[PDB]
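Since the structure comes first, as structure tokens, the remarks are kept for the end.
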Amino acid sequence: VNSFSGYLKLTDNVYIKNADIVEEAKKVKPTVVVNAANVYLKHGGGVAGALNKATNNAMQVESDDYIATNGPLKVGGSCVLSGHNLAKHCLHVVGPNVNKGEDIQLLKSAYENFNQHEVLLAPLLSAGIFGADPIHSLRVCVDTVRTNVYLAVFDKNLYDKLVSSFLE
Ligand SMILES: CC(C)[C@H](Nc1ncnc2[nH]c(-c3cnn(C)c3C#N)cc12)c1ccc2c(n1)NC(=O)CO2
Numbered sequence: 335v336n337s338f339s340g341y342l343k344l345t346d347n348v349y350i351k352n353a354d355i356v357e358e359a360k361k362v363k364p365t366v367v368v369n370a371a372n373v374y375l376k377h378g379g380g381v382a383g384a385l386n387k388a389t390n391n392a393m394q395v396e397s398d399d400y401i402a403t404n405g406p407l408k409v410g411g412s413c414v415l416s417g418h419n420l421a422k423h424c425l426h427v428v429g430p431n432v433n434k435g436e437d438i439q440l441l442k443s444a445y446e447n448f449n450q451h452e453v454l455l456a457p458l459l460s461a462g463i464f465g466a467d468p469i470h471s472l473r474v475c476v477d478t479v480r481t482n483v484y485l486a487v488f489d490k491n492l493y494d495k496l497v498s499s500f501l502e
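Residues in the sequence shown are numbered from 335 upward in steps of one, following this note's numbering.
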């Protein structure tokens with residue numbers, strides 16, 4: 335029922351909280367949870383592994399059937415599939431992996447997919463092992479997304495750095 339609580343309001347449409355996106359999905363039952371996906375939808379590690387494990391592998395079985403018939407996504411692209419027990423829908427979004435040389439300009443394209451949904455629970459795109467500068471990813475979110483986005487960042491030091499840098 336989109337009952338988000340305990341988020342800091344950064345802008346009129348962007349909110350942020352130090353929390354695990356899986357625990358937020360369980361508490362909130364959002365209409366849309368965003369997965370930090372890769373092009374073949376292999377939900378190993380990071381956000382994707384955590385969401386998939388919380389569905390008892392249902393998300394991986396559904397995603398393998400999608401890829402068999404439709405093929406891989408593009409960097410900056412997205413795919414709406416079932417949200418299983420975590421949300422009504424899961425929006426799988428592929429941000430660029432700059433640790434693998436993918437272009438950081440495609441992070442704006444990745445965030446643009448959020449504009450199709452009125453309200454979303456999401457992670458910080460291209461952060462962690464994808465290698466983008468997290469402060470930059472937050473600025474791209476704030477500049478690109480017009481709909482209501484609730485960012486869950488599961489790392490207190492990173493959350494504090496993002497908040498302090500934005501509040502300058
Ligand atoms: C910057 C990070 C703090 C952030 N991670 C997270 N952000 C929010 N909720 C989270 N839950 C978990 C969790 C829950 N259980 N487990 C075992 C995990 C893991 N791993 C992790 C997580 C993050 C955002 C975007 C990402 C990635 N990581 N990593 C990637 O490979 C791709 O893109």
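Beta carbons are placed, not taken as given, at the ideal position from N, Cα and C, and that holds for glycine.
Residues of the same chain with a CB within less than 6 Å of the CB of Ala461, apart from the 5 flanking positions on each side, are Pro468, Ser471 in chain order. Distance check between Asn449 and each of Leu425, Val335, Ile438, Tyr341 places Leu425 closest, using alpha-carbon atoms only. Between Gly405 and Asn386, the alpha-carbon positions lie close to 20 Å from each other.
By alpha-carbon distance to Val476, the top candidate from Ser339, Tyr341, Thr345 is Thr345. Not one heavy atom of ligand 1 lies closer than 7 Å to the C-beta of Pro430. Within the DSSP bridge table, the entry for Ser337 names no partner. Three or more pairs of CB atoms, one per stretch, sit closer than 8 Å, so the stretch 437–454 contacts the stretch 409–426.
With at least 16 other beta carbons inside 10 angstroms of its own, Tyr445 counts as buried. The shortest CA-to-CA distance from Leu496 to any of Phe338, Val348, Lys360 is the one to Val348. Taken in chain order, the complete alpha helix (DSSP H) segments of 4 residues or longer contained in the stretch 402–472 are 440–446. Distances between the C-beta of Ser460 and the heavy atoms of ligand 1 include at least one below 7 Å. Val366 sits close to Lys422, with the two beta carbons spaced by under 8 Å. In the DSSP annotation of this structure, the continuous segment of the alpha helix (DSSP H) that includes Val497 starts and ends at 490–500.
One thing to note: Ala382 has its Cβ within 8 Å of the Cβ of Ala370.
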